[PDB]
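# Understanding the architecture of this molecule
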Amino acid sequence: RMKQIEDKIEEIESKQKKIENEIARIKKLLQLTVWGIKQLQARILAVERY
Amino acid sequence: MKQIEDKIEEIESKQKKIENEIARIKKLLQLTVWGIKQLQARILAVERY
Amino acid sequence: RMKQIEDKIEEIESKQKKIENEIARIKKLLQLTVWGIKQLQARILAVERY
């Protein structure tokens, strides 16, 4: 009984580490999309006014 | 022993909910990137005209 | 070994709560980027219509 409790916990820990990695990648990409939107906003405002 | 099985089942259920939310976040982020690149191409067309 | 299991379970629950809070912040920012993209599309369309 002790062994397969330890097995399930090890599996959960592994999924948790994968979740943290996926979140870190999501944060980096979301950071680039926000910056990209700001760059587009500057170009369209330039087109509107000039 | 019983309180551990309950906690493991609860954790597993929480992990699945997080995986599902992450999958939707990834789906939406892919479409936002795709949309941002399309807008970039449209603004460049106006700039070059 | 049982105490190790209890600690790891508690560690996982706490990390899961931190992940949920981070996901909640990610959703808010993602909601803001979608709104910003829609506003940019209308502005680009406004110039294109000329």
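Rules behind the numbers
Residues numbered from 1 in each chain as written, not as in the entry; some residues may be left out. Chains lettered and ligands numbered in written order. Heavy atoms only, no water. Residues with missing side-chain atoms left out of burial classes, pairs and counts. Helix = DSSP H or I, 4+ residues; strand = E, 2+ residues; numbered from the N terminus. Rg over C-alpha atoms; globule rule 2.2 N^0.38 Å. Contact = heavy atoms within 4.5 Å. Buried area = accessible area lost by both parts, 1.4 Å probe. Salt bridge = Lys/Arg side-chain N within 4 Å of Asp/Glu carboxyl O. Polar contact = N/O pair within 3.5 Å; in protein donor to acceptor, adjacent residues only side chain to side chain. Nonpolar A, V, L, I, M, F, W, Y, C, P; charged D, E, K, R; others polar. Least-squares fit on C-alpha atoms. Axes fitted to C-alpha atoms, helices over the stretch in contact; angles between N-to-C directions. Parallel < 35°, antiparallel > 145°, perpendicular 65-115°, else oblique. Left-handed = near helix turned anticlockwise from the far one by under 90°.

For this deposition, the record names X-ray crystallography as the technique by which the model was determined and cites 2.00 Å as its resolution.

### Looking at the overall build of chain A
Looking only at helices and strands, one finds one helix and zero strands in chain A. Radius of gyration (C-alpha) of chain A: 22 Å, far over the 10 Å computed for a compact globule of 50 residues.

### Things to note about the interface of chain A and chain B
Each side of the interface is counted separately: chain A has 20 residues, and chain B has 20 residues. Of the roughly 1,800 Å² buried at the junction of chain A and chain B (both faces included), carbon and sulfur atoms supply 76%. Taken as a group, A:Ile12, A:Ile19 and A:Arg43 account for 29% of the area that chain A buries against chain B, more than any other trio of residues on that side. For the pair chain A and chain B, the interface holds four salt bridges. A salt bridge links A:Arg1 to B:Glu5; the shortest N-O distance between them is 2.7 Å.

### Thoughts on the pattern of salt bridges
Scanning the model with the defined rule gives 18 salt bridges over all chains in all. Among the ionic pairs, C:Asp7 bridges to C:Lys3, the shortest N-O distance being 3.9 Å. Of this pair, C:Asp7 and C:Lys3 both sit in helix 1 (residues 2-48), four residues apart, roughly one helical turn. Taken together, the shared-partner salt bridges connect A:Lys8, A:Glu11, A:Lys15 and B:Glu12 into one network.

### Some details on the interface of chain C and chain A
With 20 residues of chain C at the contact, the number on the chain A side is 22 residues. Counting across the interface, chain C meets chain A through four salt bridges. Here C:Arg1 and A:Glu6 are joined by a salt bridge, their closest N and O atoms 2.8 Å apart. For the pair chain C and chain A, the number of links is three residue pairs in polar contact. Here the side of chain C that touches chain A is composed, by residue class, of 13 nonpolar, one polar and six charged.

### Observations concerning the relation of the copies chain C and chain A
Note on the identical chains: chain C maps onto chain A by a rotation of 117 degrees and an axial translation of 0.2 Å, with an RMSD of 1.0 Å. Considering both components of the superposition, the chain copies are consistent with a three-fold axis. The C-alpha atom lying nearest the rotation axis in chain C is that of C:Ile44; the distance is 3.8 Å.

### Details of the packing of helix 1 (residues 2-49) of chain A against helix 1 (residues 2-48) of chain B
Two numbers describe how helix 1 of chain A lies on helix 1 of chain B: the axes approach to 9 Å, and their chain directions differ by 20 degrees. Here helix 1 of chain B runs roughly parallel to helix 1 of chain A, going by the angle between their axes. Between helix 1 of chain A and helix 1 of chain B the crossing geometry is left-handed. Partitioning the contact of helix 1 of chain A with helix 1 of chain B into residue classes produces 25 nonpolar, four polar and nine charged.

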